Trainee: 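Handing you this structure, nothing more for now.
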Amino acid sequence: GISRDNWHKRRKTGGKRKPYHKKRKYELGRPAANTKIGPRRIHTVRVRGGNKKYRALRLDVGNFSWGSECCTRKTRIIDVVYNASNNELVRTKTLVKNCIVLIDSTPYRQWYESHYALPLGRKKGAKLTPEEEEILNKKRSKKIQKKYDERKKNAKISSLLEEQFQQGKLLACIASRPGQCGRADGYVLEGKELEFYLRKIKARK
Amino acid sequence: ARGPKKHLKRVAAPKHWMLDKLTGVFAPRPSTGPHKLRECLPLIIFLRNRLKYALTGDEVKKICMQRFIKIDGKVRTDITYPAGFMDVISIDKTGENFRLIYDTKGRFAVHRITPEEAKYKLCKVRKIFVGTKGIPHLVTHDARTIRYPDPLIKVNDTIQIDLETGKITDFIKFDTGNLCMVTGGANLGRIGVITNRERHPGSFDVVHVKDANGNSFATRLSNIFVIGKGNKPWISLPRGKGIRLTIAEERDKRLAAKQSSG
Amino acid sequence: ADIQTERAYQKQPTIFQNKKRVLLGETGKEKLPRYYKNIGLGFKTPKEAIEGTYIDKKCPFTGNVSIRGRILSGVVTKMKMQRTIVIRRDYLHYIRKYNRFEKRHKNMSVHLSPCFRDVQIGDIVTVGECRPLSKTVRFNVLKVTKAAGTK
Amino acid sequence: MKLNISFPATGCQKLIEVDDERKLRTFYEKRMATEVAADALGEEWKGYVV
RNA sequence: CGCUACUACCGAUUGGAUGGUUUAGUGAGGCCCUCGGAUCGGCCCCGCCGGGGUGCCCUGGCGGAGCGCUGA
RNA sequence: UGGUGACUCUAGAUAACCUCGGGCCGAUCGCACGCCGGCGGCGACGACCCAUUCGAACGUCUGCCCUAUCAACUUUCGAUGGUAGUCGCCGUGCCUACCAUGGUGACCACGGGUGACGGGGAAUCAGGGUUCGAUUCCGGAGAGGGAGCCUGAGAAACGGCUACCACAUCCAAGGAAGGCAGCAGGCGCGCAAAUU
RNA sequence: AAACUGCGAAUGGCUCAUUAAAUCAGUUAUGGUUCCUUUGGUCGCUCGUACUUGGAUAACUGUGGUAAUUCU
Ligand SMILES: [Mg+2]
Ligand SMILES: [Mg+2]
Ligand SMILES: [Mg+2]
Ligand SMILES: [Mg+2]
Ligand SMILES: [Mg+2]
Ligand SMILES: [Mg+2]
Ligand SMILES: [Mg+2]
Ligand SMILES: [Mg+2]
Ligand SMILES: [Mg+2]
Ligand SMILES: [Mg+2]
Ligand SMILES: [Mg+2]
Ligand SMILES: [Mg+2]
Ligand SMILES: [Mg+2]
Ligand SMILES: [Mg+2]
Ligand SMILES: [Mg+2]
Ligand SMILES: [Mg+2]
Ligand SMILES: [Mg+2]
Ligand SMILES: [Mg+2]
Ligand SMILES: [Mg+2]
Ligand SMILES: [Mg+2]
Ligand SMILES: [Mg+2]
Ligand SMILES: [Mg+2]
Ligand SMILES: [Mg+2]
Ligand SMILES: [Mg+2]
Ligand SMILES: [Mg+2]
């Protein structure tokens, strides 16, 4: 079927190569897993050696890491906004490695508000319904309050991430291969990489 | 050829088996095991061709199925079991013990050992790796992995294994001045003191070895097996004490034996 | 020298560049740490690779490649591809019927790192074997020595 | 068109030879695993479902 | 120049026969994907219920029906 | 912690994840029987992972016959390289998207031919050579010709399957079944080769 | 006996059509992969009816269909 052999190719001198054997099983290839965004659908592939490849066809949840805070959470994949290889991949919303994706920011905001006791991504209406007023102010002993005040001194987020948190969606890069492991994991974009991809996305539209 | 090969042509068998040409087309084809195919002695070859305890392969099978043969203290009923260097073969029914030691001409000699010496063996260490919550592990040339080895034990060293328990009792470090046997190449079977080891990074390391008669020879590092600490071996050596006679002195010795005979 | 010229973001994968920094330690930029490795076999790491900013995943000093096997030498003949050059190896092949040699050559496409600048047509390059980097490239330039009459 | 009729309760089976198309028109155009009232087969088949 | 034979060439014939490469179109069959859902179950519901506690439900074993809920 | 010439190695710490087409964490068999009310000796099967053996698969370097009445070839449908990915057991234009215009050649490229499977080897030979190598060992390829697959650790397997092409068997004409370049043996071809 | 399960059937044997840096040979590499089996290690390391769980199916017994198959 699909082949990955090097002998059907021309020689470096440009001459044709005449095949000396027919297609072998160990040179096979398989159709691409154009993973989409949707309710989870994963198929398994029996591969060489009897092992197993997980072929993700639809995914809607990933495991993404906030590196600057070392906060890894399972979030919901929302949309595909950039692909460095092809534009049709963005047009068809295909999850591949190194694709830029919008992920839900709720778990990260929850962790931030529970770890720093400072609001994140909030509007100025200051609703602060109960069980959030408690998580943000609470009452603590002197030692606990002192520890939180010590934390607050080095809790400052970059403005770009703050804007994204206001919108409720963060930009992330997929570092996994959904068509091989059945998982869409990655890291939240920040720093100069975030600026680069923001400029690229704006210039694309 | 799809899949692994299961036969061995007689003329394609390793030459140190000393197999003839007219007995058959095939050779015993050693089973997969602790020793490589080219560097092993199958049980059938030893039990039939060497010791003459059996006349045919079926007799070797009949011998082994009564559970008389033990290789390193464990009963082995596979007639093509690969027994290799420093292995101990015990037959309790007749009460003898052999150690597979290379002869001077690169062949496994029939070397009988005392039952006291059949309780241990020497193993070259092939690699050391840490795994599974920082537990060190040793791998020997006999494909046995030993966890919690002495931290001094490094690669290319020799460890004395108690066959009954499988634990290390002592070791010899690979260093100049230690006695060694050559387990491969042109000098296979030769015994001598290590003189110098020259390192070639990214390539093979060459070890120089001097005999007890003053002769010197080189080998690759992978062909060196530390036998003893200093000049004294930790095992018993075969009748030829590891020194190689030239064809001239071999002929002279044979002629002297002929003259003294009768 | 801008190093972002592709659709994707170029970055050394081992280095983490988003470590949190307090404003008290914001003296310009943090001077992004550089990943580099010492390839063995007595080859020195060029100072350019250590103090550079180029991104080259095929670089023997800052990329993911292992030097192993054969180490060869050649003369640079062409430098018209991106980050890879064509060198020439000349030798004499013996013919036993006549007891005489004949001059032969073969070209080799070898990857050249951005750490070797001012490479001219004619200098000697010591290259080392690595894993396949492209269809025809299996070697990486490890050392550059100038021609006999350079300025 | 022979009929191979089995009664699981007793384990007994019988091969009947029905050559009348009027009787067999009950089973026509019916798919497998469909329960049909076997009445046209005979008077003794009254109340039987196959 | 004349007599006989052979070989070879050019070959008008717009030669054929066989084979091998391709342009364009058609395209069996497998494989993958998106559907499809003939049938077979399980839970549930009852007529049916064996007994425990006690008519009293926690489990047997049936029949009927539910595009009920799910699985293959 | 340990290692290598060289790891982005090994081990460690942390935050999470962990596929319904699921990963391990024993619902298995036999023989002796025992001791102190529960504990048990030999084995056999099974099992994730690591190592080992048997390999296999891609690569590195050098090496092949004739032919110029084959001198330029490859690149629009990958040719050479770069970036990101897809697929694959993995490294790779292996394939895709976007880039760059490269890559080989009188040191014979490219194309054509071979009564070309390649070696270990064989005949002849003072010395140098010439010719042969289908043929029992090693490696490769194929199972009438192509192609596509299932199962499996391992086939693109043909004494497995599915098609098309060429042949061809039985048939109640609706259908069914094929593959001796295995051992014998028959036909045909031939100057040319053995017993069902 | 049969049948289910497991293993093998990818070795061996044959032939030389294809194949011209291809195959192959010597030399190296996998720090770039897979590996049934044999051998050794690991297998209370995990803080969450068991003195043993469920549904089938073959062999077998009986009704068959087709001119015909290692069909069913
Ligand atoms: Mg496996
Ligand atoms: Mg074979
Ligand atoms: Mg090495
Ligand atoms: Mg077409
Ligand atoms: Mg199709
Ligand atoms: Mg890539
Ligand atoms: Mg590329
Ligand atoms: Mg393209
Ligand atoms: Mg031929
Ligand atoms: Mg030849
Ligand atoms: Mg031949
Ligand atoms: Mg021929
Ligand atoms: Mg052969
Ligand atoms: Mg084949
Ligand atoms: Mg034929
Ligand atoms: Mg086939
Ligand atoms: Mg056949
Ligand atoms: Mg076969
Ligand atoms: Mg025949
Ligand atoms: Mg004839
Ligand atoms: Mg003859
Ligand atoms: Mg069976
Ligand atoms: Mg087996
Ligand atoms: Mg099998
Ligand atoms: Mg084991």
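Numbered from 1 within each chain, the chains take letters A, B, ... in sequence-line order.
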Trainee: On a plain distance test, is the side chain of B/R144 in donor-acceptor contact with the base of F/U52 below 3.5 Å?
Mentor: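 No, the side chain and the base share no sub-3.5 Å donor-acceptor pair.
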Trainee: State whether the side chain of C/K37 and the backbone N or O of C/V65 hold a donor-acceptor pair below 3.5 Å, judged by distance alone.
Mentor: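 Checked: pair present.
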Trainee: Examine F/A57: is either OP1 or OP2 under 4.0 Å from a nitrogen or oxygen in the side chain of B/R2? Give yes or no.
Mentor: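 For F/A57, OP1/OP2 do not have a side-chain N/O of B/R2 under 4.0 Å.
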Trainee: Among the nucleotides G/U27, F/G5, F/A15, which one has an atom lying closest to any side-chain atom of C/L41?
Mentor: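 Looking only at side-chain atoms, C/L41 lies closest to F/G5.
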Trainee: Please give, in whole Å, the distance from F/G128 P to C/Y98 OH?
Mentor: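 Checked: the OH to P distance equals 16 Å.
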Trainee: Checking one value: the base orientation of F/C7, syn if chi is within 90 degrees of 0, otherwise anti.
Mentor: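 Classified syn.
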Trainee: Give the nucleotide from the list F/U130, F/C50, F/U83 with an atom nearest to the side chain of B/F129.
Mentor: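 Within the option list, the nearest is F/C50.
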Trainee: North (positive) or south (negative) by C1'-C2'-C3'-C4': which describes F/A193?
Mentor: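 A north-puckered sugar, given its positive torsion.
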Trainee: I want to confirm an ordering. Mapping A/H8 and C/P13 to their closest nucleotides on RNA chain F, which one lands closer to the 5' end?
Mentor: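 Result of the comparison: C/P13.
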Trainee: Look at all strands and tell whether D/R31 reaches a base, only sugar-phosphate, or nothing, counting heavy atoms closer than 4.0 Å.
Mentor: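 If one applies the 4.0 Å heavy-atom cut-off, D/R31 turns out to touch the sugar-phosphate alone, with no base involved.
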Trainee: How would you label the contact of C/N64 with the nucleic acid (heavy atoms, under 4.0 Å): base, sugar-phosphate, or nothing?
Mentor: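 Answer is base: heavy atoms of C/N64 come under 4.0 Å of a base.
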Trainee: Look at the side-chain N and O atoms of C/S134 and state whether any lies under 4.0 Å from the OP1 or OP2 oxygen of F/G81.
Mentor: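 Yes.
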Trainee: Would you check if A/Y20 stacks with the base of G/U19, given a 5.5 Å centroid limit and a 30° plane limit, both strict?
Mentor: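 Whether judged by distance or by angle, A/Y20 falls short somewhere, so it does not stack on the base of G/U19.
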Trainee: Does the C1'-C2'-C3'-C4' torsion put F/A141 in the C3'-endo-side north group or the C2'-endo-side south group?
Mentor: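 With a positive torsion about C1'-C2'-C3'-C4', the sugar belongs to the north class.
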Trainee: Does this structure show an ion pair linking B/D205 with B/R197, if we count only N-O contacts that are shorter than 4.0 Å?
Mentor: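 Looking at B/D205 and B/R197, the cut-off is met.
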Trainee: To the side chain of A/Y54, which of F/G23, F/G103, F/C137 is closest?
Mentor: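 The nucleotide sitting nearest to the side chain is F/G23.
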Trainee: Tell me: CE of C/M108 to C1' of F/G59, nearest whole Å?
Mentor: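 Answer to the nearest Å: 14 Å.
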Trainee: Please determine whether any donor N or O and acceptor N or O are separated by less than 3.5 Å between the side chain of C/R68 and the base of G/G32.
Mentor: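 Checked by distance alone, the answer is yes.
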Trainee: Determine whether any donor atom in the side chain of C/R7 lies under 3.5 Å from an acceptor atom in the base of F/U83, or the reverse, and answer yes or no.
Mentor: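 For C/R7, whose side chain was compared with the base of F/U83, there is no donor-acceptor pair (under 3.5 Å).
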Trainee: Out of G/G65, F/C94, G/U28, which nucleotide sits closest to the side chain of B/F204?
Mentor: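 For B/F204, the side-chain atoms sit closest to G/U28.
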Trainee: When we call it a touch if two heavy atoms are under 4.0 Å apart, what does A/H21 touch: a base, just sugar-phosphate, or nothing?
Mentor: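 Since only primed, P, OP1 and OP2 atoms lie under 4.0 Å of A/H21, the category is sugar-phosphate.
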Trainee: Based on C1'-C2'-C3'-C4', put the sugar of G/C47 on the north side (positive) or the south side (negative).
Mentor: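 Here the torsion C1'-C2'-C3'-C4' comes out negative, placing G/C47 south.
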Trainee: Just how far, in rounded Å, is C1' of F/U10 from NE2 of B/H137?
Mentor: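 Value for this atom pair: 11 Å.
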Trainee: If we call it a pair only when both distances are under 3.5 Å in a Watson-Crick or G-U wobble match, what pairs with F/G142?
Mentor: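 Result: G/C14.
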Trainee: Please tell me whether F/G59 and G/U28 form a Watson-Crick or G-U wobble pair, using a cut-off of 3.5 Å on both distances.
Mentor: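 Yes; the pair between G/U28 and F/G59 satisfies the definition, which requires both distances under 3.5 Å.
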Trainee: Nucleotides 7-9 of chain G: which of its N/O atoms have a protein N/O under 3.5 Å away?
Mentor:
| residue | atom | partner | partner atom | Å |
| --- | --- | --- | --- | --- |
| G/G8 | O3' | B/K6 | NZ | 3.3 |
| G/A9 | OP1 | B/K6 | NZ | 3.2 |

Trainee: Do the side chains of B/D72 and B/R144 get close enough for a salt bridge, i.e. N-O under 4.0 angstrom?
Mentor: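 Here B/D72 pairs with B/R144 in a salt bridge, since their nearest N and O are under 4.0 Å apart.
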Trainee: Heavy atoms from C-beta onward define the side chain here; which of F/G63, F/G82, F/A84 lies closest to that of C/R104?
Mentor: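 The answer is F/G63, which lies nearest to the side chain.
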Trainee: Determine whether any donor atom in the side chain of A/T72 lies under 3.5 Å from an acceptor atom in the base of F/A15, or the reverse, and answer yes or no.
Mentor: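 Per atom types, the contact qualifies.
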Trainee: Can you measure C/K58 atom NZ to G/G32 atom P for me and round it to whole angstrom units?
Mentor: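 It works out to 14 Å between those atoms.
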Trainee: If only side-chain N and O atoms of B/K36 are considered, is one of them under 4.0 Å from the OP1 or OP2 phosphate oxygen of F/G55?
Mentor: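 Checking B/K36 against F/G55: no side-chain N or O falls below 4.0 Å of OP1 or OP2.
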Trainee: Under a 4.5 Å cut-off applied to non-hydrogen side-chain atoms, are B/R29 and B/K6 in contact?
Mentor: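 B/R29 vs B/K6: side chains apart.
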Trainee: For the side chain of C/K135, counting heavy atoms from C-beta on, which of F/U80, G/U37, F/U74 is nearest?
Mentor: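 Among F/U80, G/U37, F/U74, the one nearest the side chain of C/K135 is F/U80.
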Trainee: Has the side chain of A/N63 got a donor or acceptor atom sitting under 3.5 Å from an opposite partner on the base of F/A16?
Mentor: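 For A/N63, whose side chain was compared with the base of F/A16, there is a donor-acceptor pair (under 3.5 Å).
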Trainee: Considering only G/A22, G/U39, F/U60, which nucleotide approaches the side chain of B/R76 most closely?
Mentor: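 In terms of side-chain proximity for B/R76, the closest of G/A22, G/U39, F/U60 is G/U39.
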Trainee: Compare the minimum distances between each of F/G129, F/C54, F/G88 and the side chain of C/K97, then state the nucleotide with the smallest one.
Mentor: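 For C/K97, the side-chain atoms sit closest to F/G129.
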Trainee: If each of B/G33 and C/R131 is mapped to the nucleotide of RNA chain G with the nearest heavy atom, which maps nearer the 5' terminus, i.e. the 5' end?
Mentor: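 By nearest-heavy-atom nucleotide position, the 5'-most residue is C/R131.
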Trainee: Looking at F/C25, which nucleotide sits across from it as a Watson-Crick or G-U wobble partner, both distances under 3.5 angstrom, or is there none?
Mentor: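 Partner of F/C25: none.
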Trainee: Rounding to an integer number of Å, can you tell me how far B/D72 CG sits from F/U52 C1'?
Mentor: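 The answer, rounded to whole Å, is 15 Å.
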Trainee: Measure the distance from CZ on C/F139 to P on G/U28 and round it to the nearest whole Å.
Mentor: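 Taking atom P of G/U28 as the reference, CZ of C/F139 is at 15 Å.
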Trainee: Choosing from F/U62, F/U14, F/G93, which nucleotide comes nearest the side chain of C/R89?
Mentor: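 Closest of the options to the side chain of C/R89: F/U62.
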Trainee: For a quick check, tell me whether the side chain of B/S31 and the base of G/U38 share a donor-acceptor pair closer than 3.5 Å.
Mentor: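 Checked by distance alone, the answer is no.
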Trainee: Any donor-acceptor pair under 3.5 Å between the side chain of C/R70 and the base of G/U27?
Mentor: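 Side chain to base: pair present.
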Trainee: Using only side-chain N and O atoms of A/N6, determine if any of them is under 4.0 Å from OP1 or OP2 of F/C94.
Mentor: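 Result: yes.
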Trainee: Give a yes/no answer on whether the side chain of A/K52 brings an N or O atom under 4.0 Å of OP1 or OP2 in F/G22.
Mentor: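 Yes, within the criterion.
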Trainee: Do NZ/NE/NH1/NH2 and the carboxylate oxygens of C/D90 and C/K103 come within less than 4.0 Å?
Mentor: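 No salt bridge links C/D90 with C/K103.
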Trainee: Please check F/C94 against F/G188: Watson-Crick or G-U wobble, both distances under 3.5 Å.
Mentor: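 No; nothing between F/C94 and F/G188 satisfies the definition, which requires both distances under 3.5 Å.
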Trainee: Please work out which residues in residues 22-44 of chain A have a non-hydrogen atom less than 4.0 Å from an atom of RNA chain G and list them by number.
Mentor: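 Heavy-atom contacts with RNA chain G come from no residue of residues 22-44 of chain A; none.
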Trainee: Considering only F/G85, F/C17, F/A15, which nucleotide approaches the side chain of A/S85 most closely?
Mentor: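 Given the options F/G85, F/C17, F/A15, the side chain of A/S85 is closest to F/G85.
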